[PDB]
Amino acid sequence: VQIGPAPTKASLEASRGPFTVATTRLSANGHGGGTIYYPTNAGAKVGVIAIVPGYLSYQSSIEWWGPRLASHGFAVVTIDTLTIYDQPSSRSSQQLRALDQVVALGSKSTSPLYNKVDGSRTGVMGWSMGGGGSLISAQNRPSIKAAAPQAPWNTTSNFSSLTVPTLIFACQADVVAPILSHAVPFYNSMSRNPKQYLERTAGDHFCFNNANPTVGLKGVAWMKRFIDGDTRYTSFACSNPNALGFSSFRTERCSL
């Protein structure tokens, strides 16, 4: 599907895409509740992205993605977890529940999301333990169309089964999830999928939590290309962004 205008570097670096963003609450049901960001004027049904925070953290740590992605044509739910101590596998379960519940609101005539969402097109994102959780979600539910975790943290690194297109945002100087034992092994384990690695120069573990323009371009382009199948975004999704402030870029099985 092709939603919205032809993309440009400027339009993807901008604070917002073309659409106006509303919100509605996701009640706590097997997670800590969330906010659903959605476009009011996409003109067609949109896919769903669920985003999960890190250890000891709340929705605010991942919130900037909500309006950013929603304004380009996605329903984006940012959740709190059952507890702030929850580990990656629990965060994955909660993320999948949030996806399913947003999809179900799209079929509820009393929901603001009624007739606005397409449950056949879904993605997962998240930070830190929620980034590990997003890789776990993609591993456990291969019908997901795209994953784009940031500063992912996980105690194991065998993501070789993944078939989901996966972009890893990595923080070069991360002390919490050091890249040589977390992000890089996670990336290297993958061989069956379109995949990408983008590393922020001298970044600490929180380096993706505050709305960088290249990060925003990449996350939207990856989700457009792989959730929507929108080949207008292939060049933005697959290319080195050639941006100041990034120390490494790698991609495979992301052609043209």
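All residue numbers are counted from 1 along the displayed sequence.
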| task | Tell me which of 81-89 and 164-172 has the higher mean C-alpha B-factor in the deposited entry. | result | 81-89
| said: Which is higher on mean Cα B factor in this entry, 189-197 or 66-74? | reply: 189-197
| query | Which has the highest CA B-factor per the PDB entry: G54, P39, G219, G203? | reply | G54
| message | Maximum C-alpha temperature factor per the entry, among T122, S111, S128, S134, belongs to which one? | response | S111
| message | Taking only the Cα B-factors deposited for this chain, tell me whether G106 sits in the lowest, middle or highest third. | response | highest
| field | Where the record places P142 (Cα B-factor, split into thirds across the chain) | value | highest
| remark: So, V117's CA B-factor, relative to its chain, sits in which third? The highest
| field | Third of the chain, ranked by Cα B-factor, where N154 sits | value | middle
| remark: The third of the chain into which the C-alpha temperature factor of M223 falls is the lowest
